[PDB]
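Working notes, beginning with the structure itself.
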Amino acid sequence: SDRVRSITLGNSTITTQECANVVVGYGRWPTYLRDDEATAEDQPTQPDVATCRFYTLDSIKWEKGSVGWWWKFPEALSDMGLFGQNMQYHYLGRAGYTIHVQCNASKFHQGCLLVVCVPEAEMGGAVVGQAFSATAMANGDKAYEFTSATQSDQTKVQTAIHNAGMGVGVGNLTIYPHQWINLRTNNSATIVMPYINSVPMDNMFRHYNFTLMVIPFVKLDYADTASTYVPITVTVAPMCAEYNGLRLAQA
Amino acid sequence: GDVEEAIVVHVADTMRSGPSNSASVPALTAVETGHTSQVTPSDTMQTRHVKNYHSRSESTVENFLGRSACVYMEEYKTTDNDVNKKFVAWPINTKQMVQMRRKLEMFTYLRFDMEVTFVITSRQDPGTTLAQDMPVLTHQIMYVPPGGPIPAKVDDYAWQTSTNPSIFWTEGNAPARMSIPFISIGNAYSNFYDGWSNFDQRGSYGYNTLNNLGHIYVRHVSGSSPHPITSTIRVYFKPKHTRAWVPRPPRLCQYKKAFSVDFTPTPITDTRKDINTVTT
Amino acid sequence: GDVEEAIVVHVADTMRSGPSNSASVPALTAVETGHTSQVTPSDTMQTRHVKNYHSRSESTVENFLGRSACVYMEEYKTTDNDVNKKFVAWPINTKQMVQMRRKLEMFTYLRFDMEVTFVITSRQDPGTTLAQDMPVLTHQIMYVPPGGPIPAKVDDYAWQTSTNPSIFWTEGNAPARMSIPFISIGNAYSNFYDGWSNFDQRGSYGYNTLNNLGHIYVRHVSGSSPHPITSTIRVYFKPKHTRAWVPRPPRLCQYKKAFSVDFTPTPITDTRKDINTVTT
Amino acid sequence: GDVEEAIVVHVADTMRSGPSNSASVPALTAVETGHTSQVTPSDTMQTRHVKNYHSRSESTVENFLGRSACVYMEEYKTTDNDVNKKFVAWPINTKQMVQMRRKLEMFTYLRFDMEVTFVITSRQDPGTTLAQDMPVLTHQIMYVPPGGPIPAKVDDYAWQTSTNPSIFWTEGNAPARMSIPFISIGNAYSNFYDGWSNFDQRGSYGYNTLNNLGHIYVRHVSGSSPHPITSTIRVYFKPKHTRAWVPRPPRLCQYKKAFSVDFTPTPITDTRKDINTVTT
Amino acid sequence: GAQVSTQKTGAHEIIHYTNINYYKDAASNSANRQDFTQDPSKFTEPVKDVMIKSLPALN
Amino acid sequence: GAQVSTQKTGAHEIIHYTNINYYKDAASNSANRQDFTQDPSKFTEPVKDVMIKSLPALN
Amino acid sequence: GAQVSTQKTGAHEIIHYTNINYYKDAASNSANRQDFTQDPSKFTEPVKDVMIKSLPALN
Amino acid sequence: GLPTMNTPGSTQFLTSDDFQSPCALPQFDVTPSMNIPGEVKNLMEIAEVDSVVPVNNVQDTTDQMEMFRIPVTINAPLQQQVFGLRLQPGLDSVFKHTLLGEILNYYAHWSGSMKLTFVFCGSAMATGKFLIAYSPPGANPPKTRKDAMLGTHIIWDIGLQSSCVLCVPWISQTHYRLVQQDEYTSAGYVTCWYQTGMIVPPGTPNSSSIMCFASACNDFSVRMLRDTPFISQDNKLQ
Amino acid sequence: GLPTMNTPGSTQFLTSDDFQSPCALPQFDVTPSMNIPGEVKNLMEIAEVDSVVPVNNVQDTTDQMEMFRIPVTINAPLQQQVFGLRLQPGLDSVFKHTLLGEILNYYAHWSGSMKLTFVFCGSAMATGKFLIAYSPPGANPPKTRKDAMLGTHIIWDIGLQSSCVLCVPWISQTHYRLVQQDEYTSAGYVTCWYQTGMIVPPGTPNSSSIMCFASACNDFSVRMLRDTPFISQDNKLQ
Amino acid sequence: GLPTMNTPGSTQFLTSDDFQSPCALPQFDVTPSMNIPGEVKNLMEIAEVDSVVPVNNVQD
Ligand SMILES: CN1CCN(Cc2ccc(NCc3cccc(F)c3)cc2)CC1
Ligand SMILES: CN1CCN(Cc2ccc(NCc3cccc(F)c3)cc2)CC1
Ligand SMILES: CN1CCN(Cc2ccc(NCc3cccc(F)c3)cc2)CC1
Ligand SMILES: CCCCCCCCCCCCCC(=O)O
Ligand SMILES: CCCCCCCCCCCCCC(=O)O
Ligand SMILES: CCCCCCCCCCCCCC(=O)O
């Protein structure tokens with residue numbers, strides 16, 4: 001059967017029994033930087049099993065009125081294991097990622113989720129003109145919530161779900177790598193994202209490589225039942241990570 | 001041999017199909033995999049053999065982006081009391097004109113050469129006394145890479161360009177034209193930049209951070225008529241040898257700022273009477 | 001070999017003929033068959049041998065239709081109170097000018113490339129005060145395929161063409177010229193269309209239904225003189241690489257509508273005193 | 001064979017380096033020898049293998065000095081009471097414009113061909129009566145090698161050049177251009193000359209002594225309007241086929257004389273709060 | 001690319017010209033007005049059975 | 001230097017043009033709009049395991 | 001006379017141009033900005049005895 | 001020198017010309033190229049990707065996200081219509097702002113076949129059958145399933161495979177169709193009807209939803225570039 | 001004659017063009033060439049020569065020559081900073097007017113590694129050790145030797161060899177950096193600290209000085225010529 | 001560049017000239033050709049077809 005998948009990174013393993021296949025970025029597998037494309041002179045450091053492993057983020061509750069959530073990377077993993085330490089102590093970084101999202105429900109539940117990775121997901125402020133600090137879109141591993149109505153507070157991003165905070169049709173996000181979690185036939189989605197950027201490497205604290213979005217396109221529904229909500233969990237694992245430019249820590 | 005004969009691709013043809021009855025089910029699939037079905041009409045119904053000669057030549061990115069488009073216009077007078085009103089100073093950017101902005105923002109990263117054309121026109125300002133005789137005018141276009149000196153008046157010393165490229169153009173001739181190579185410090189231009197300037201996540205945010213292309217200055221060489229004359233310049237960009245990566249959905253909301261993504265929420269699309277209405 | 005030597009046809013000659021007396025009757029035939037007799041003077045009378053060097057080179061369709069002809073003219077002012085009077089908007093069609101219309105309507109279907117030339121002239125409007133000094137003017141010609149945005153005023157945003165082709169021309173130079181390929185959705189242009197638009201035989205009737213070529217817009221780039229100036233544009237079409245099918249008789253009645261075949265009955269030809277009158 | 005295929009150099013690559021422990025000490029040297037250390041980052045720290053494709057094409061002297069730069073401008077009127085104000089007379093030299101002067105003074109000796117371009121513009125002087133009609137103007141540029149006759153008025157006989165090269169230019173066309181070979185009596189131009197003119201160490205001192213390039217004269221051919229008209233000429237030099245010797249440090253103090261090195265003492269550089277301050 | 005061909009001239013009384021194309025679109029080429037082939041049969045003899053001029057048209 | 005290549009034209013219905021470069025910078029050359037290679041797999045089939053259209057998508 | 005040579009372009013990513021001279025004076029030719037030879041030894045290593053970087057500068 | 005004569009068109013500026021021009025930064029060294037993932041070489045590649053179609057434009061949608069869901073109920077008449085729409089990918093409001101409509105709006109002519117994919121997002125215990133039919137152009141759109149099934153159609157059975165594909169064939173009198181479609185170049189209609197109905201067991205929701213995806217086949221093509229009308233400005237941006 | 005059409009750009013004057021022009025002194029015989037010593041063919045050759053860096057810009061330097069000397073004393077705390085500066089060769093006041101800064105100011109982009117050479121000019125009997133460290137870009141410059149030594153550094157021992165070389169490696173996210181550097185293209189900091197301290201015998205001065213030399217490595221390069229801002233005039237020179 | 005001189009006739013518009021001009025729709029794909037019946041290549045072919053002559057022009 002092709003409905004069973006197993007992934008082993010470092011000292012951690014993920015097993016799923018009901019799952020679609022795996023989407024691989026734009027058809028490119030993560031890989032190390034070549035000698036003919038590098039620009040930095042000194043030797044890189046390639047912590048391997050120490051950093052290339054699965055990390056569980058906090059879990060969220062999926063209610064009947066949920067609208068969606070987003071996370072920004074690698075700021076989400078900025079304070080996780082040795083990956084965070086390497087981010088803090090180095091000037092440049094480079095790594096792919098594997099994202100596994102999990103949502104399980106009985107055969108009597110219905111709903112559909114869209115899981116998509118958006119590279120360079122620049123967002124606009126709630127009030128056109130004013131600006132926001134680096135806290136209305138990223139504060140660690142916590143998830144940020146979309147809104148059904150138009151945002152009004154000037155200190156946060158425009159959370160209109162139908163625009164996705166980018167001024168584009170929410171239904172056109174299919175262009176990016178993605179998968180659907182349909183409770184009828186699926187329980188998890190797996191995406192492998194290669195390193196995508198205009199330069200060989202970059203500061204991991206200054207630049208958000210890509211954004212992960214989960215959007216309910218068919219709201220959750222059920223009847224009777226003692227279960228009041230469906231938890232959603234996100235697991236991520238850097239791949240082929242390497243760093244450079246040892247300075248003092250402290251980002 | 002003094003001549004080298006460098007010296008195409010049509011869409012797929014339709015093959016003939018007959019009645020079928022088997023366990024194969026091409027029509028049935030599962031979109032949950034993120035995979036777009038590759039079925040063809042030949043799998044669902046009987047079809048005749050048809051040879052297609054249509055080609056996708058006009059849909060290539062090179063042709064799609066290979067059209068000159070206006071990116072900026074400004075007016076400057078030959079003579080006036082205000083010094084700042086006798087010349088133009090424009091920080092180069094492609095976010096000023098909506099059509100070209102939207103065309104470019106369909107891709108995340110771009111790498112191309114540029115072809116720049118300048119269109120200049122002049123007109124006499126209204127006034128009581130317009131009777132005068134003035135010879136043909138001449139204009140100077142100056143490009144100042146970042147960090148170079150900037151003129152502060154029409155007759156400043158900086159207009160004596162020794163290293164800065166410049167063009168002198170006389171009215172009545174063909175529009176000025178010139179080419180410029182790929183001049184990005186990075187490996188490709190970035191239309192979007194989700195990040196900050198300072199390392200502590202503070203300061204400027206957005207693509208504004210990566211705009212360091214320089215400035216363009218224009219003036220009348222020595223024309224100073226007894227009565228004011230107004231001139232207008234239009235700048236046209238034309239990408240060449242283009243390459244693009246990571247396509248993204250076209251924008252839906254109207255632009256509101258020249259250096260930001262700010263917008264106002266917009267409906268997904270227009271409405272109709274009901275889900276069954278099909279008439280006009 | 002850097003050179004390829006691609007590198008004609010005279011009318012039939014007349015053969016000699018002598019006295020004849022036989023049962024063959026070339027002169028007698030029957031037009032009821034719809035067959036045009038192929039007899040030659042050599043069959044009815046004695047003739048000498050003559051070698052003809054005349055050729056029909058100038059009667060080919062390529063040469064017959066290979067002449068530039070005016071198809072439209074319109075006037076637009078540089079400055080005026082009425083906004084609609086400062087620019088032109090023409091739906092492309094070949095039924096406006098009678099000579100070219102009749103030349104084209106001798107065939108039912110045509111397929112050719114097109115060569116378009118624009119002639120622009122300007123003149124100062126009469127008025128009390130004409131003393132002014134104005135630099136050379138510049139004009140913009142914009143082509144909008146069907147369904148594209150249409151400008152509503154001289155200084156509209158739509159004039160920033162990013163995909164629509166355009167030409168900028170300055171007075172005093174050679175007339176603008178440009179080529180356009182065969183751009184019909186069908187396999188050939190149709191001068192006549194005997195049918196309706198709706199499937200229930202209702203709506204528009206005639207060739208108007210198939211006219212979806214677009215529009216052409218023209219304006220002064222930025223010229224706005226203290227006193228009005230009027231400009232006139234003339235459009236000339238010149239078919240190239242022509243092919244024609246199904247010839248039809250030339251029209252006899254004068255044209256009366258630009259998008260219809262309506263006419264008034266006309267006599268077959270002029271009269272004379274009697275069937276025997278042969279003098280002037 | 002009618003065609004000859006004349007038909008580059010990247011910076012040094014970085015080689016990989018591992019941990020080391022030996023008696024060799026590349027980092028330690030002695031500047032007292034006047035020798036600049038040739039160490040590379042690979043000698044002091046571990047490095048990866050990197051292939052560099054950067055080239056120093058744009059840093060060659062040919063490209064550095066291969067840009068047209070203004071060297072002089074002057075105004076002359078078509079008609080005026082003062083005879084000396086109706087034409088220009090300039091002793092050729094490159095010390096008039098600061099930017100080109102500093103660019104040239106980075107080397108002691110130079111040897112190159114020259115490309116000269118002239119930009120001429122005209123404007124009507126202000127006055128009560130400006131209503132006039134004047135045909136296009138024409139200008140004459142005359143070059144007089146040293147020792148030749150010099151005109152003393154606009155209509156002097158010397159303007160009938162029989163051996164002196166000259167250019168006649170009409171307004172509205174492209175700027176005049178011309179080339180000149182290496183015309184120094186010595187083996188190379190000298191930007192600096194530490195010596196005197198007389199053999200007893202007296203007289204003129206400096207590079208002024210070696211400036212014997214001639215003069216340039218400009219006038220309106222025959223234009224003499226009822227009302228004054230002012231014209232301005234700009235001269236641009238562009239070295240070609242350049243060679244340089246003995247580089248010297250760039251100047252630090254502002255120029256003050258066109259034929260001398262005189263200057264005012266200037267601080268070495270700007271100051272900061274203290275030797276440890278590193279913030280903005 | 002050079003393309004040499006004869007030019008129009010008179011009868012029984014060099015005549016070559018050179019042409020080169022500069023644009024990448026065939027529509028930009030000059031008119032091909034050197035073709036003189038023709039066949040009036042389609043309109044003059046549209047009958048099914050071949051008719052001989054000498055023989056009677058009918059019977 | 002002469003570079004001869006075919007020009008765009010129609011289907012089943014000479015077509016060559018000459019080009020020469022005059023400047024020493026490749027950026028000065030004309031647009032190379034004669035390339036028509038394309039591959040939509042990167043966006044239409046980004047899955048890891050190959051999927052056969054005839055066979056069921058899952059199991 | 002035709003003189004064909006490569007034009008400047010990028011790295012690991014035809015490039016030829018033709019040039020002809022029209023005047024009888026070499027000074028009229030275009031700038032020869034295609035030379036990239038260089039040698040900094042004259043200014044960086046003007047010493048008489050060769051110095052090895054690895055060995056001590058003195059003794 | 002060499003005699004010459006200027007022809008018409010000289011000194012003109014045509015925005016779609018291909019000519020060589022001088023470079024103002026001679027011998028400029030460009031940055032080395034790098035193979036970033038996800039290179040796109042033709043807009044048809046983008047056009048061939050699926051996108052959600054907002055079919056539920058009921059003129060009273062207080063919540064925007066409702067536009068993407070097609071309602072379905074358990075107890076309905078034996079024959080009933082689920083939805084209906086016109087096949088005008090570049091002009092109809094349904095397809096106007098989709099990933100395919102946006103690409104089409106930059107052109108004037110289009111041709112080729114289209115794919116419509118429907119996915120059932122109900123409970124795993126729910127079942128049903130639907131009839132989806134495409135009716136070529138005609139004087140009247142179908143009003144009942146009896147009329148609808150006469151044209152091209154497919155019977156969709158809901159099971160483990162949750163998606164079905166309706167391939168709309170290219171049936172036209174002309175090789176191309178106008179994006180700004182009219183009566184002459186009409187393209188037909190698409191409708192969906194209940195084939196058997198939806199049946200659910202106890203303890204499940206009484207309603208479900210369906211979503212539609214639109215994309216182009218491998219024989220799709222466009223022509224005659226033009227400027228899109230969806231974006232406009234009134235003053236220079238600042 | 002030969003038909004032709006003029007394209008845009010005709011009759012323009014571009015200051016960086018390469019075209020042939022007539023010679024006004026035909027058949028002029030130039031003077032024979034002579035091989036003068038010291039021919040320079042590339043500005044990088046000049047840029048690769050050392051030059052003294054005026055590090056001591058203390059805002060109260062009454063004597064200009066003091067700017068070239070870094071003070072040092074015998075008795076100092078165990079860990080103390082000798083000097084600190086930003087690595088902005090084309091913008092920082094320290095490197096602005098050096099032989100390398102002057103060359104850089106004629107360009108817009110630069111890349112490659114740099115060499116900093118320090119020479120001890122004390123007595124022959126004096127001794128000491130110094131720590132010189134380079135800190136790549138970050139949110140905060142180092143404040144103590146403990147923080148400083150985490151980055152690239154070299155321990156300098158003063159002996160018979162009076163000079164030491166710190167090779168600053170090229171560590172950047174982009175292939176090039178702007179001469180007019182900003183926060184985006186920052187380059188880091190350089191600092192020096194006492195490693196052991198300076199010890200002197202009786203009968204020697206209690207203070208010494210150090211000098212710094214700056215030069216470019218063999219992988220240095222520049223790009224995008226521009227006009228320098230250090231020189232300006234208000235009226236025509238006479 | 002290459003020296004040249006313009007001859008009489010430059011910048012004129014002759015309605016019966018044969019010159020190449022730029023195309024404003026580069027790389028445009030034309031519809032495939034189809035052999036419609038009744039192709040005419042020369043007006044003499046039309047001229048060689050019979051037609052009824054109105055000889056009886058009797059003014060009444
Ligand atoms: C933040 N980036 C800036 C570059 N932008 C694309 C772009 C647009 C125009 C240009 N023009 C470069 C140019 C070309 C010719 C002359 C000049 F002065 C400047 C370069 C890049 C994408 C967003
Ligand atoms: C109803 N048909 C319309 C076409 N008509 C023939 C025809 C005439 C002119 C044109 N011009 C096409 C064209 C060519 C160049 C630029 C343009 F904007 C338009 C095309 C076809 C025959 C009757
Ligand atoms: C004292 N020398 C005089 C020459 N100067 C360099 C120099 C500058 C300009 C010229 N121009 C020569 C020239 C070239 C063309 C036409 C002319 F009239 C003159 C020659 C040498 C260096 C200092
Ligand atoms: C864009 C083409 C410009 C052609 C310029 C004139 C021809 C120069 C080459 C000499 C003719 C040979 C052409 C060929 O090899 O077919
Ligand atoms: C700057 C180049 C000017 C070229 C002038 C037109 C071509 C003249 C030579 C004939 C074509 C042959 C070129 C070649 O050998 O590749
Ligand atoms: C004054 C020289 C005019 C040259 C005109 C263009 C070149 C025509 C000849 C074709 C190129 C061949 C030249 C050669 O044999 O080297």
Side-chain angles (χ1 to χ4, degrees), chain A residues 57-58 60 65-78 114-173 176 205-217 234, chain B residues 95 105 108 190-198 200-210 248-268, chain H residues 63-65 237:
Chain A
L57 288 76
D58 294 9
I60 77 190
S66 297
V67 181
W69 311 263
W70 64 88
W71 298 266
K72 296 232 165 194
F73 291 85
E75 182 65 26
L77 307 173
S78 68
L114 172 63
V115 186
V116 58
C117 295
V118 181
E120 313 278 5
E122 209 190 314
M123 293 180 183
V127 175
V128 300
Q130 294 300 320
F132 39 71
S133 62
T135 302
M137 65 183 73
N139 186 11
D141 70 355
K142 82 179 285 301
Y144 283 79
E145 293 179 353
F146 281 110
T147 312
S148 182
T150 73
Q151 188 57 254
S152 178
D153 192 344
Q154 66 179 356
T155 68
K156 47 175 66 178
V157 163
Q158 184 57 260
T159 55
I161 179 55
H162 53 94
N163 282 189
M166 289 179 288
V168 303
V170 70
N172 294 335
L173 293 176
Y176 303 118
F205 268 97
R206 189 164 55 167
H207 182 43
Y208 306 120
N209 275 306
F210 73 91
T211 291
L212 180 73
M213 293 180 183
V214 173
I215 305 167
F217 266 88
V234 179
Chain B
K95 314 271 147 190
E105 289 194 341
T108 312
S190 55
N191 292 91
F192 298 87
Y193 173 75
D194 198 17
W196 303 81
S197 54
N198 298 326
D200 65 9
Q201 303 178 340
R202 188 176 297 111
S204 68
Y205 164 76
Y207 55 78
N208 63 347
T209 304
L210 277 47
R248 45 172 54 229
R251 192 179 169 103
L252 179 62
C253 312
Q254 304 300 296
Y255 293 103
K256 278 185 158 56
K257 298 291 185 181
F259 297 111
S260 182
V261 179
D262 299 331
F263 62 88
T264 309
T266 305
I268 290 288
Chain H
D63 179 75
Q64 287 289 309
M65 280 301 268
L237 293 179

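Naming convention: chains lettered A, B, ... in sequence-line order (proteins, then strands); numbering from 1 in each chain. Note: hydrogens, waters and symmetry copies are ignored here, and every other heavy atom, side chains too, is used.
Not a single donor-acceptor pair under 3.5 Å links the side chain of B/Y205 to the backbone N or O of B/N208. Between the B/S197 side chain and the B/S204 main chain, a donor and an acceptor come within less than 3.5 Å of each other. Of the possible donor and acceptor atoms, none in the side chain of A/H162 sits under 3.5 Å from a partner among the backbone N and O of A/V170. In this structure, the side chain of A/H207 engages the main chain of B/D194 through a donor-acceptor pair within 3.5 Å. Remark: side-chain polar atoms of A/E145 are not paired, donor with acceptor, to backbone N or O of A/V67 under 3.5 angstrom. Looking at A/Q158, its side chain never comes within 3.5 Å of a backbone N or O of A/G165 through a donor-acceptor pair. The closest donor-acceptor contact from the side chain of B/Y207 to the backbone of B/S260 lies under 3.5 Å.
Side-chain contact between H/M65 and A/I215 is present, with heavy atoms from C-beta onward closer than 4.5 Å. Between A/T155 and A/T135 the shortest side-chain heavy-atom distance does not fall below 4.5 Å. A/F132 places a side-chain heavy atom less than 4.5 Å from the side chain of A/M137.
Residues forming a side chain to side chain contact (heavy atoms under 4.5 Å, CB included) with B/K256 (at least two apart in sequence, or on another chain): A/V128, B/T264. Shown here are the side chain to side chain contact (heavy atoms under 4.5 Å, CB included) partners of A/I60, two or more places apart in sequence or in another chain: A/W69, A/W71, A/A143, A/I232. Applying the side chain to side chain contact (heavy atoms under 4.5 Å, CB included) test to A/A136 and every residue at least two apart in sequence or in another chain returns A/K156.
Looking at B/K95 and B/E105, a side-chain N of the basic residue comes within less than 4.0 Å of a carboxylate O on the acidic one, giving a salt bridge.
Of the residues listed (A/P119, A/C117, A/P74), the one engaging A/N209 in a side-chain contact (heavy atoms from CB on, under 4.5 Å) is A/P74, and it is the only one.
Between B/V261 and B/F263, the shortest heavy-atom distance links the atoms O-CD2, 3.2 Å.
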